[PDB]
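Here are the chains, one letter per residue:
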Amino acid sequence: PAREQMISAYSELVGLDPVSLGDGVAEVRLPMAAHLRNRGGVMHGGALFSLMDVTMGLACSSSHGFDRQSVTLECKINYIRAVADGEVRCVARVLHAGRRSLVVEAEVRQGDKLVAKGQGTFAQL
Amino acid sequence: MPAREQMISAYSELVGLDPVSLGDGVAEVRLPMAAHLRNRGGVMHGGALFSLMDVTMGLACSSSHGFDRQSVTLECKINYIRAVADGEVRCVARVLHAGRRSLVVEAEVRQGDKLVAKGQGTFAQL
């Protein structure tokens, strides 16, 4: 697909930066910015989740094809480390691609450090 | 591995869970199919698969903090990928983070090259 079929208005707002995708894997970068700060001055959990959801969505698209659609049914995330500056990278991998649903996992890292880990389910449209 | 008696409970025995190995923040447990594990569809019940996962995750935590310390499950989330009708399954759990107060752990259940279930949970360090 073109860059266009992989971004949305919200992904652009948060500052998500897709890096690569293919065979049920995707990687997306997110630089820290002032508007991502929570009350403690670190990257907001919502921003981290947003990053993960988008990366998972792109991984799914790479599995079933961009000529087909899937949507998030549910997702679960754990927050492991705070992010105060710099950038993070999220990598998502499709673990199962069924006729009706896909299971996807993802991790967010800063350098080698684990920042967040998640797992979710997508509905195949 | 410590003695088997140190790694099992009445409930793990009931289900038929069988510790296989322990590493540094990693554990493997096996579960053979049996009549009393069947759900209404005649396959391994989701509860039995979850029980396997929870036990394996606990053992992975113990291999991280030591069996001289304790942790308990705060929460867990599991996805069921496909049904198991016979034979046995293996669960491997891996500690992803060991903090002073909590641990995050992931686990997968397989039968060979078949992914059966996948999950992620949080333990409280006691």
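Conventions and cut-offs
- Residues numbered from 1 in each chain as written, not as in the entry; some residues may be left out.
- Chains lettered and ligands numbered in written order.
- Heavy atoms only, no water.
- Helix = DSSP H or I, 4+ residues; strand = E, 2+ residues; numbered from the N terminus.
- Rg over C-alpha atoms; globule rule 2.2 N^0.38 Å.
- Contact = heavy atoms within 4.5 Å.
- Buried < 20%, exposed > 50% of the residue type's maximum accessible area, 1.4 Å probe, protein only.
- Polar contact = N/O pair within 3.5 Å; in protein donor to acceptor, adjacent residues only side chain to side chain.
- UniProt positions renumbered as here; feature names shortened; annotations may be inferred.
- Pairing = 2+ DSSP bridges.
- Axes fitted to C-alpha atoms, helices over the stretch in contact; angles between N-to-C directions.

Listed as the method for this PDB entry is X-ray crystallography; the listed resolution is 1.70 Å.

Colleague: Even after reading the chapter, I still don't get the overall build of chain B, so can you show me in this structure?
Modeller: Helix and strand content of chain B: 2 helices and 6 strands. Counting from the amino terminus, helix and strand elements in chain B follow one another as α-β-β-α-β-β-β-β. Against the globule reference of 14 Å for 126 residues, chain B gives a C-alpha radius of gyration of 14 Å, in line with a compact fold. Projecting the C-alpha coordinates of chain B onto the three principal axes gives extents of approximately 45 × 30 × 25 Å. Taking as baseline every contact in chain B between residues at least 6 positions apart, the subset at least 24 positions apart corresponds to 60%.

Colleague: Whenever I open this one, the environment of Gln 110 of chain A confuses me. Can you help?
Modeller: Residues and elements named next belong to chain A. Topologically, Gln 110 is positioned in strand β5 (residues 101-110). Its relative accessible area of 21% is what places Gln 110 among the partly exposed residues. Residues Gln 110 and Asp 85, spaced 25 residues apart in sequence, show a C-alpha to C-alpha distance of 9.6 Å. In this structure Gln 110 touches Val 83, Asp 85, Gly 86, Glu 87, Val 88 and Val 115, once residues within four positions along its chain are discounted. At 3.1 Å, the side chain of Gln 110 forms a polar contact with the backbone oxygen of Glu 87.

Colleague: Help me out: how do you make sense of the UniProt feature "domain: Thioesterase" (unreviewed entry) in chain B in this one?
Modeller: If you check UniProt for "domain: Thioesterase" (unreviewed entry), the listed places come out as residues 41-115 of chain B in our numbering. Spanning residues 41-115 of chain B, this segment combines 27% helix with 44% strand, and its end C-alpha atoms are found 19 Å apart.

Colleague: I tried to follow the sheet that holds strand β1 (residues 18-22) of chain B on my own but got confused; where do I start?
Modeller: Residues and elements named next belong to chain B. Pairing is antiparallel in the open sheet, where 6 strands are placed in the order β1-β2-β4-β5-β6-β3. The open sheet is flanked by β1 and β3 (71-80), the only strands paired with a single partner. On average, adjacent strands in this sheet sit at an angle of 20 degrees to one another, irrespective of strand direction. Relative to strand β6 (residues 114-125), strand β5 (residues 102-111) is paired through 10 bridges, and the arrangement is antiparallel. Across the sheet, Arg 110 pairs through a bridge with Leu 115, a residue of β6. Running at roughly 45 degrees to strand β4 (residues 88-98), helix α2 (residues 46-65) makes contact with β1, β2 (26-32), β3, β4, β5 and β6 of the sheet.

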